[PDB]
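S.K.: This is the structure, below, for whatever I ask next.
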Amino acid sequence: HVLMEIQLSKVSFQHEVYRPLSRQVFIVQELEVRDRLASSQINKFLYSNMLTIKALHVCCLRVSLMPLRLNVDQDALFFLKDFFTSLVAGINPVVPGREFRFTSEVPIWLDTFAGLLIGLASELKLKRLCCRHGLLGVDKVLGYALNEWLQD
Amino acid sequence: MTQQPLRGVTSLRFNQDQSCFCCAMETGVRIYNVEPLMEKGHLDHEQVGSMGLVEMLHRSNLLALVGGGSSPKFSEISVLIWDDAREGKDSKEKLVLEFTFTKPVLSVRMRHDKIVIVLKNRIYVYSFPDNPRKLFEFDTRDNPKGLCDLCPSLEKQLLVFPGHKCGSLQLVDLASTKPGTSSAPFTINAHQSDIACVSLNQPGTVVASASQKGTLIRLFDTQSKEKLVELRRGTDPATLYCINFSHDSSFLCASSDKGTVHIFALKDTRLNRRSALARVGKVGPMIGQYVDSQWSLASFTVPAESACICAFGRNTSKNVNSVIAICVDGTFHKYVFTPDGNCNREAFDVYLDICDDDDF
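Protein chains in written order, with the deposited numbering: chain B, 1479 to 1496, 1514 to 1542, 1555 to 1565, 1576 to 1614, 1665 to 1678, 1691 to 1700, 1705 to 1735; chain A, 1 to 360.
As structure tokens, then:
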């Protein structure tokens, strides 16, 4: 068993509100991932704030440019990875294992991607994938793998 | 009576090297290359609302924006810095800086290391783009047109604006001024009536100015403060809209409410027309100032009811120089001129009807 607080305040998922067809805006007023791993105390992980990570249309995305997004130094950043392993052990079937402009839009204050985050624990930069369309619902990793980036 | 902006154009500005111009509008902002005439990008009403002022930093992604017109998203007391090279899904992520004031912003001037904000009675100077801090603040006379010019040279940090005395200029060397100290602005008594236009040449060695009478343009050396030349635009009063130097300081152009752009030679002043009375040698003690006045080498006509900015184009050949006029009615005019005073239209376009060629 684990204890890891996570908060998502005022997630105004007004699906099909309008954006013409199923705007379905996540419009997440706050998406602070309070904790993961073995830590139950709140420590600011991310994906007023207005973090519309999934503000949609008909096909779009966004990010809230918070001052610090990924502070991963608590217990094991791969403890959620073993949580996913125990999930696929419990959830026996695990299938998912205009232009987007699917920006990360945050001057990430950071501190295997998890391994490098642990080793490093500002230190990264926002992708600004304007009209990249690198994702295709299964090609999100492909769009994330476009080019290369490193800082500090 | 605020004239309703012809075709929604609220302000027009050349960038520091006159190679681009920016257009603030009721429908947002547009940015144009001058030669060839081509749209380089715009900000729509959905991004920025109606705009009062735009200033571009050289040929960069940095724009200084001031809300204005009929439907602004932003305050007329705020200067917003837009960075067009920033990737972001939200237009708000391209807004990188805000400078807020207690009164409406009447002009913004930029160079590589500084931004200048002009209010009616105050001028603020900040470091820019990196870690903006207030360097200087200057009190002015009533400056309702935001009249200010900033030398674009790397070697000289000269600022010029209307001085406290009517028809005077204040000049400030911002490199020789210790931050937080009043280096005393030096004063040039340029005119007897209020300043209507002021411009520095590219090296910041010469200042040109015209008053609200707009009959005379006066040039002064910025170091010695001596009057170098007095140019005569016309007999009749005219509201000047723009004065600019050629890149090499060999010429000066001037646009006005007469629907005329005048061109003056500065380097070879013999190319300028002189009054016929100057050939009727010195008959009597009272005609002296009209006899020494230099008239335009060349001039051309633009729509008289359309305010226009004017600048020099890139030299196309050893003896053919170009002048561009950009008019608030959405018209672009290019004229070629020669040292013998011929001046012919080379191009005419409606720059507001240039769509982005999304065809190629």
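Every residue, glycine too, gets a C-beta built ideally from N, C-alpha and C.
Can you check whether the C-beta of A/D90 is within less than 9 Å of a C-beta belonging to chain B?
M.R.: Cβ-Cβ to chain B under 9 Å: yes for A/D90.
S.K.: Give the range of the alpha helix (DSSP H) segment to which B/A1693 is assigned.
M.R.: Residues 1692 to 1699.
S.K.: Are the CB atoms of A/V336 and A/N344 within a distance shorter than 9 Å?
M.R.: Result yes, Cβ atoms of A/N344 and A/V336 sit closer than 9 Å.
S.K.: Residue ranges of each alpha helix (DSSP H) run of no fewer than 4 residues wholly in the segment 27 to 51 of chain A, ordered along the chain?
M.R.: Runs found: 45 to 48.
S.K.: Using 8 Å for Cβ pairs, my map puts B/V1523 next to B/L1541. What's the rounded Cβ distance?
M.R.: With a Cβ gap of about 10 Å, B/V1523 and B/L1541 do not count as contacting.
S.K.: For A/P129, collect the residues of the same chain with a Cβ closer than 7 Å to its Cβ; drop the 5 residues on either side in sequence, then sort them by chain order.
M.R.: Around A/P129: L62.
S.K.: Hey, quick one: how far does the beta strand (DSSP E) through A/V328 stretch, first residue to last?
M.R.: Unbroken run through A/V328: none, as it is neither H nor E.
S.K.: With DSSP as the reference, label A/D358 as helix, strand or coil.
M.R.: Of the three classes helix, strand and coil, the one that applies to A/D358 here is coil, per DSSP.
S.K.: What are the residues of the segment 1707 to 1734 of chain B that lie near chain A, defined by any Cβ-Cβ distance shorter than 8 Å?
M.R.: Within the segment 1707 to 1734 of chain B, the qualifying residues are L1709, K1710, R1711, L1712, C1713.
S.K.: Along chain B, in chain order, which residues have C-beta atoms closer than 8 Å to that of A/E76?
M.R.: Within 8 Å Cβ-Cβ: nothing; A/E76 doesn't reach chain B, min ~26 Å.
S.K.: Could you confirm whether any beta carbon from chain A is found closer than 9 Å to the beta carbon of B/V1589?
M.R.: No, because no Cβ of chain A sits closer than 9 Å to the Cβ of B/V1589.
S.K.: Please confirm if A/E46 has its CB atom under 9 Å from at least one CB of chain B.
M.R.: Closer than 9 Å: no.
S.K.: Jot down the residue ranges of each uninterrupted beta strand (DSSP E) in the segment 257 to 304 of chain A, minimum 3 residues, whole runs only, in chain order.
M.R.: Runs found: 260 to 265, 298 to 301.
S.K.: Chain A partners of B/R1531, CB-CB under 8 Å?
M.R.: The contacting residues do not exist; B/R1531 stays about 26 Å from chain A at best.
S.K.: In the DSSP assignment, what residue or residues form a beta bridge with A/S199?
M.R.: Looking at the DSSP assignment, A/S199 forms a beta bridge with A/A208.
S.K.: Please identify the residue among A/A304, A/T27, A/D292 whose C-alpha is closest to the C-alpha of A/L228.
M.R.: It is A/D292 whose Cα lies nearest to the Cα of A/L228.
S.K.: Over what stretch of residues does the alpha helix (DSSP H) that includes A/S224 continue unbroken?
M.R.: Careful: A/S224 lies outside any alpha helix (DSSP H) and carries neither H nor E.
S.K.: Roughly how far, in whole angstroms, is the beta-carbon of A/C308 from the beta-carbon of A/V323, given that I think they are within contact range, below 8 Å?
M.R.: Actually they are not in contact, since the Cβ atoms of A/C308 and A/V323 sit about 11 Å apart, beyond 8 Å.
S.K.: Spell out the partners DSSP gives A/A64 in its beta bridges.
M.R.: Looking at the DSSP assignment, A/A64 forms a beta bridge with A/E55, A/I81.
S.K.: For a contact defined as C-beta to C-beta under 7 Å, what are the partners of B/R1668 on chain A?
M.R.: Ordered by position in chain A, the residues that pass the 7 Å Cβ test against B/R1668 are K89.
S.K.: Whose C-alpha, out of A/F99, A/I195, A/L53, A/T100, is nearest the C-alpha of A/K165?
M.R.: A/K165 has its Cα closest to that of A/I195, out of A/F99, A/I195, A/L53, A/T100.
S.K.: Quick one: does A/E98 have its CB under 9 Å from some CB of chain B?
M.R.: No, A/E98 does not count as interfacial toward chain B.
S.K.: So B/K1723 is in the beta strand (DSSP E); what residue range does that whole segment cover?
M.R.: No beta strand (DSSP E) holds B/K1723; the alpha helix (DSSP H) holding it covers 1723 to 1727.
S.K.: Going by other Cβ atoms of all chains shown within 10 Å of its Cβ, with 16 needed for buried, is B/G1614 buried or exposed?
M.R.: So B/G1614 counts as exposed.
S.K.: Of all the options A/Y290, A/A278, A/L277, A/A298, which has the alpha carbon lying nearest to the alpha carbon of A/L271?
M.R.: Checked all of A/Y290, A/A278, A/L277, A/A298; the closest Cα to A/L271 is A/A298.
S.K.: Could you tell me which residues DSSP puts in a beta bridge with A/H333?
M.R.: The partner list for A/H333 (beta bridge, DSSP) reads A/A325, A/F348.
S.K.: As a quick exercise: from A/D268, A/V96, A/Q223, pick the residue whose alpha carbon is nearest that of A/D248.
M.R.: Nearest of A/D268, A/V96, A/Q223 to A/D248, Cα basis: A/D268.
S.K.: In angstroms with no decimal places, state the Cα-to-Cα distance between A/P162 and A/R274.
M.R.: Straight-line Cα distance between these residues: approximately 30 Å.
S.K.: Could you pull out every residue in the same chain whose Cβ sits closer than 6 Å to the Cβ of B/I1697, ignoring the five residues on either side in sequence?
M.R.: So the qualifying residues of the chain are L1594.
S.K.: Please list, in chain order, the residues of the segment 1580 to 1605 of chain B that have any C-beta partner in chain A closer than 8 Å.
M.R.: Within the segment 1580 to 1605 of chain B, the qualifying residues are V1580, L1582.
S.K.: Three or more C-beta pairs under 8 Å: does that hold for the segment 109 to 121 of chain A against the segment 1707 to 1727 of chain B?
M.R.: Short answer: they don't touch.
S.K.: Short of 7 Å Cβ to Cβ, which residues in the segment 93 to 119 of chain A face chain B?
M.R.: Per Cβ criterion, the list reads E93.
S.K.: Does the distance from the C-beta atom of B/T1670 to that of A/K89 stay below 9 Å?
M.R.: A contact, by the Cβ cut-off of 9 Å.
S.K.: Could you check which residue in B/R1518, B/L1585, B/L1516, B/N1556 has the C-alpha nearest to that of B/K1488?
M.R.: When only C-alpha atoms are compared, the closest one is B/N1556.
S.K.: Using the three-state DSSP reduction, which class does A/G146 fall into: helix, strand or coil?
M.R.: Three-state result, A/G146: coil.
S.K.: Helix, strand or coil for residue 368 of chain A per DSSP?
M.R.: The first residue shown for chain A is 1 and the last is 360, placing residue 368 of chain A beyond what the model contains.
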